[PDB]
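*Asks:* these chains are from a complex, not moved at all, and more is on the way:
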Amino acid sequence: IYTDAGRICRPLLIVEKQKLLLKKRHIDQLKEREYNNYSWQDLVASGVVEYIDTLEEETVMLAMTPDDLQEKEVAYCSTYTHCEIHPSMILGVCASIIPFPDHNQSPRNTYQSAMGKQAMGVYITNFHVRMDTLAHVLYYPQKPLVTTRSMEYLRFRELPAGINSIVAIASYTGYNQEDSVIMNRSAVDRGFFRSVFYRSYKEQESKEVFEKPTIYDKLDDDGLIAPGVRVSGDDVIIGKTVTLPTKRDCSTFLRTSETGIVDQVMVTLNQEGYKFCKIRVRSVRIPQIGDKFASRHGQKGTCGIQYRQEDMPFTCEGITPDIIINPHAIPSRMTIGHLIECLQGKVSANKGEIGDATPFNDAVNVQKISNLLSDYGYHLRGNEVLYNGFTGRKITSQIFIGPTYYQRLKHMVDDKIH
Amino acid sequence: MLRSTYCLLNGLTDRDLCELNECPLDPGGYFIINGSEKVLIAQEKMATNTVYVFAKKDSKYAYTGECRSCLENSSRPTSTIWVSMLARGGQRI
Amino acid sequence: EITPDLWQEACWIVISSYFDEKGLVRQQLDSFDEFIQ
Amino acid sequence: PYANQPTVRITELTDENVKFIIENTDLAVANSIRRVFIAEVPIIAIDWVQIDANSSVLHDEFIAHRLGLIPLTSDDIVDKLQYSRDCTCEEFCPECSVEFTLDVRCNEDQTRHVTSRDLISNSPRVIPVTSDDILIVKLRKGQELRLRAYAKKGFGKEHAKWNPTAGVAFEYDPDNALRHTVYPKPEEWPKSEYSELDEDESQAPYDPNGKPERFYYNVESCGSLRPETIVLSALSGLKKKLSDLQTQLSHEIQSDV
């Protein structure tokens, strides 16, 4: 018997001889969770679900799913004492972002879990009031067209990090190497992954005074520039002078030409009562040809080159792909999970309902998605006839094009030129 | 620590959070030390008050029995004894 | 009494109840509450 | 060695899109017409923003980009106006720019939907396409947005903000008579909109002597320019570009000879 802190456990179902303790009445009660005070604690106290730790896991023989393990078939094990609520719960927060993770290989899932930590997007709802250094906010975050039910509880749709873009998997002009991708310049002008980078500088004075020395033109009478002024390279945003026992200058520069526009200025008294200041400056980051973007399946990849809409290839309906990616990168960076995500995204966009990418579903496979896509006047396999942008010639090989969720990453040329 | 039972944000509605400049979706569970949001990462350690039998190769002991023991953080955070047996290369415990 | 072919919605609303009852950082909050109390 | 005789057959005429067919023409000219549709048709869009006050939850350049991405009805104003570098005036004049003024204050408790309808332009003939309205920003109580903008002349090469077309569906040879695409499974490919084949026959027989004619165009306007006006302006611009290239080539030839 272990009652000490530290041990790790997960809650999961309790099974009778061959039946679950979870009945239809519990489901009905949980359906109207509000105005009924019937929460998960009541389910635990009802002897339906219980917490099993690693120690008890050896002594218990779990059931993966109740749909076809307690039924009557070729006998494998009839002493099912416990059942998992859902296998997809084995994944973590970052692993739940991947759609159809079972269709990928584990290195790709690990790589995407790493990428999602540095994926650019809105991070908190109150980013305006708070001042945290090295903050990135995306212009137009979007829900993925292909999502997992776990992401419902991660509040990803509440505030996401990434944009759904029309991605075609083609080799267009050679700027589409194993990692690089080529995006639509006109659509970037329309708002691909446009971001604001907030940087916060904190300064304190102590016995140092905030005063404008007699470039310092933008400085106010208080020694601090008012917010809303465009600051270029080699510019002073904070006017601080320290007494010299004629006066030494201890001002702060813009850290090697970090161009931007000052957003907010704050002055307050510290614990000692000395006045300190905080400057939040926002810089506009429009995706250049050095910014790195990653799908939910595939390695980190910089932008190859940006083509305008007329340069970009177009389908019979004039849908120029948002981003063209390397077909040859399937063995290297991205898997067929990316292709299935594109197919399900096309199906969801045509149908309207957001596609479900539950890892272990057994009811949403490639064939059903293909049939759904074919039902909407499209090729079942997601291929489409594309026309060359430069010459207008009909490309011999039909390009696989569909909407896919892409994520801008913190690694940018604008961040590292300074 | 944020969102704890002793924090001011405990038991606050969405409007209450979005009238004191706080994100309702913020999970909390972190401290604010010198204005910096610091999170304590659970450290992995060997379980206490349990007997483990191991077999080291280079060590002269064929089998070693270890048991880290405490009195629920009352004092002396480490207190372990070993019950080993010498290799015959006669089994002296 | 039984939930055949309806298992998906049942288990997902069960997970929903677990998550909106406890949360994501429930372990840290519970540990801190135990430490303080 | 000389020109063919193109024919234009318009099937659908609508305030938002035009569907037509160009016959007896080579593929490159049709592709260039599509290219000029997308990129080389000058329209008017807001390009100089000065925000006097912005209390909204959106930063200033967000509002500037949204304003610049709003279409403005410029069916006949583009011809009268001239480009900034082609105009020898001060930074702005009414002859090379259009002035817009926005001034909204949310003094009411409910959210104020500051839309393109609140954009007031001195020139009456050029206005946002609304006269639903293009939602610019949403203002909480006590939030005020005041700004002055100038809209200039430009085309899609400068920026996508000056793209007049919304969707340019360009097609040719709906049935693979020329076999420009090799379908691995032709039976599973959906029939084109302009396909003349029967249900049983998935693909047309190969035509060894065939070349691309009968290009189908579906040009959808964004509201800033009539699609027929879009096509006419595109043709005029391509003709002007070719005439300028003629002038430069003749000058260089007579200089070198």
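*Replies:* Alright, I've got the coordinates. Numbers count the residues shown, from 1 in each chain, chains lettered A, B, ... in the order given.
*Asks:* mind listing what's buried in stretch A:204-213?
*Replies:* Neighbour-count burial for stretch A:204-213 flags A:205, A:210, A:212 (criterion: 16 or more other Cβ atoms under 10 Å in any protein chain shown). For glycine as for every other residue, the C-beta is placed from the backbone atoms N, C-alpha and C.
*Asks:* Going by residue numbers, what spans are strands in the stretch 151-257 of chain D?
*Replies:* Assigned by DSSP state E, counting those that start in this stretch, the stretch 151-257 of chain D shows strands spanning D:165-171, D:215-221.
*Asks:* which one of the ones you listed lies closest to chain A?
*Replies:* strand D:165-171 (4.3 Å; Cβ to the nearest Cβ).
*Asks:* Show me which residues of that closest one are buried.
*Replies:* D:165, D:166, D:167, D:168, D:169, D:170, D:171.
*Asks:* And stretch A:120-127, by the same measure?
*Replies:* A:120, A:121, A:122, A:124, A:125, A:127.
*Asks:* Any idea how far it is from the middle of the chain?
*Replies:* Mean-position distance between stretch A:120-127 and its chain equals 11 Å (Cα atoms, centre = their mean, to the nearest Å).
*Asks:* From chain D, how far off is residue A:245?
*Replies:* 44 Å (Cβ to the nearest Cβ, to the nearest Å).
*Asks:* Residue B:27 touches residue C:27, doesn't it?
*Replies:* No - Residue B:27 is beyond contact range of residue C:27, at 11.3 Å (criterion: Cβ atoms under 8 Å).
*Asks:* quick one: which of the buried residues of strand D:165-171 is nearest residue B:10?
*Replies:* Here the nearest of those to residue B:10, counting by Cβ to Cβ, is residue D:166; it sits at 51.2 Å.
*Asks:* How about the contacts made by that closest one?
*Replies:* D:16, D:17, D:220, D:221, D:222 (Cβ atoms under 8 Å, 6 or more residues apart in numbering or on different chains).
*Asks:* Serialize these to a markdown table and add fields for distance to residue D:40 and neighbour count.
*Replies:* Formatted as a markdown table, the contacts of residue D:166 follow (distance: Cβ to Cβ, whole Å; neighbours: other Cβ atoms under 10 Å in any protein chain shown):
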| residue | distance to residue D:40 | neighbour count |
| --- | --- | --- |
| D:16 | 21 | 12 |
| D:17 | 19 | 19 |
| D:220 | 17 | 18 |
| D:221 | 15 | 23 |
| D:222 | 15 | 16 |
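*Asks:* and chain E, same structure:
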Amino acid sequence: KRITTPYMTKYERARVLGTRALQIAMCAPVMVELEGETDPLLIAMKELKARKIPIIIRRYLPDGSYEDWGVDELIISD
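*Replies:* Following on from the chains above, chain E is added here:
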């Protein structure tokens, strides 16, 4: 007695072209007729194939005995 390969090594070529280019960049007299192209490297190589480079190469044997070689008699495969 002068025993050594008659060819000129890649490293020898690199150093002799570098030294000749540096000299002619310091306005040393040039023995080959000049063209309109300006780059000192190009005139260095074109005087090289002209076979009138005014520098001999000393080749040090491992023991320490030198062995002079006029660049005129160093035939070039490339």
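*Asks:* Chain E added, so what about the buried residues of stretch A:120-127 now?
*Replies:* When burial is assessed from 16+ other Cβ under 10 Å, stretch A:120-127 yields the following buried residues: A:120, A:121, A:122, A:124, A:125, A:127.
*Asks:* quick check, nearest of those to residue D:199?
*Replies:* Distances from residue D:199 to the buried residues of stretch A:120-127, taken by Cβ to Cβ, are shortest for residue A:121, at 47.3 Å.
*Asks:* Output the residue of chain C whose distance to chain D is smallest.
*Replies:* Closest point on chain C to chain D, by Cβ to the nearest Cβ, is residue C:24, at 26.3 Å.
*Asks:* Figure out the helix or strand that the residue lying closest to that residue once chain neighbours are set aside lives in.
*Replies:* Nearest non-adjacent residue to residue C:24, counting by Cβ to Cβ, 6 or more residues apart in numbering or on different chains: residue B:27, 5.2 Å away. Following DSSP states H and E, one finds residue B:27 outside all helices and strands.
*Asks:* isn't residue A:370 right up against residue A:342?
*Replies:* No - look at residue A:370 against residue A:342 with Cβ under 8 Å: they stay out of range, at 11.8 Å.
*Asks:* Those two - which one has more neighbours?
*Replies:* In terms of neighbours (other Cβ atoms under 10 Å in any protein chain shown), residue A:342 is the more surrounded of residue A:370 and residue A:342; the figures are 26 against 19.
*Asks:* That one in helix, strand or coil?
*Replies:* What DSSP: H, G, I helix; E, B strand; the rest coil gives for residue A:342 is helix.
*Asks:* what's the distance between it and residue E:45?
*Replies:* 54 Å (Cβ to Cβ, to the nearest Å).
*Asks:* And for residue A:291?
*Replies:* Taking Cβ to Cβ, one finds residue A:291 at 42 Å from residue E:45.
*Asks:* now do residue E:76
*Replies:* 11 Å.
*Asks:* just residue D:88 next, same as before
*Replies:* For residue D:88, the distance to residue E:45 - Cβ to Cβ - is 52 Å.
*Asks:* out of those two, which sits in the busier spot?
*Replies:* residue E:45 (15 against 8).
*Asks:* Packing partners of the top helix by length along chain E?
*Replies:* In chain E, assigned by DSSP state H, the helix with the most residues is helix E:10-25. If you count contacts as 3 or more Cβ pairs under 8 Å, 6 or more residues apart in numbering or on different chains; DSSP states H and E, helix E:10-25 packs onto helix E:40-49.
*Asks:* let's put chain F on the structure above:
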Amino acid sequence: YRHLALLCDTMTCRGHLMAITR
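*Replies:* Below, chain F sits with the chains from the block before:
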């Protein structure tokens, strides 16, 4: 084979087996 022969003769010309400098 030239590289392997050079490597082997480099650390066997001393008259006895020698380890790498490391």
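*Asks:* thinking again about what came up before, buried ones in the longest helix of chain E, by neighbour count?
*Replies:* Those buried within helix E:10-25 under the rule 16+ other Cβ under 10 Å are E:13, E:16, E:17, E:20, E:21, E:23, E:24.
*Asks:* same check, this time on stretch D:74-87
*Replies:* D:74, D:75, D:77, D:78, D:81, D:82, D:84, D:87.
*Asks:* Distance check, the fifth one against chain C.
*Replies:* Spelled out, that is residue D:81. Distance from residue D:81 to chain C, counting by Cβ to the nearest Cβ: 57 Å.
*Asks:* what secondary structure does residue D:20 sit in?
*Replies:* strand.
*Asks:* wait, residue B:70 sits on residue B:76?
*Replies:* Yes - with contact defined as Cβ under 8 Å, residue B:70 reaches residue B:76; the gap is 7.1 Å.
*Asks:* Neighbour count: these two, which is higher?
*Replies:* residue B:70 (15 against 9).
*Asks:* which non-adjacent residue is nearest the more buried one?
*Replies:* Distances taken as Cβ to Cβ, 6+ apart put residue B:48 closest to residue B:70, at 5.3 Å, once the chain neighbours are dropped.
*Asks:* these two touch, right, that neighbour and residue B:68?
*Replies:* Yes - counting by Cβ under 8 Å, residue B:48 does reach residue B:68; the two are 5.0 Å apart.
*Asks:* give me the number of residues near the residue of chain E found nearest chain D?
*Replies:* Relative to chain D, the nearest point of chain E is residue E:36 (20.8 Å; Cβ to the nearest Cβ). Applying other Cβ under 10 Å, we find 4 other residues in the vicinity of residue E:36.
*Asks:* ok, for the closest residue to chain C within the stretch 201-350 of chain A, nearest residue in space, not its chain neighbours?
*Replies:* Residue nearest to chain C within the stretch 201-350 of chain A: residue A:344 (16.9 Å; Cβ to the nearest Cβ). Counting by Cβ to Cβ, 6+ apart, residue A:344 lies nearest to residue A:355, which is 4.0 Å off, once chain neighbours are set aside.
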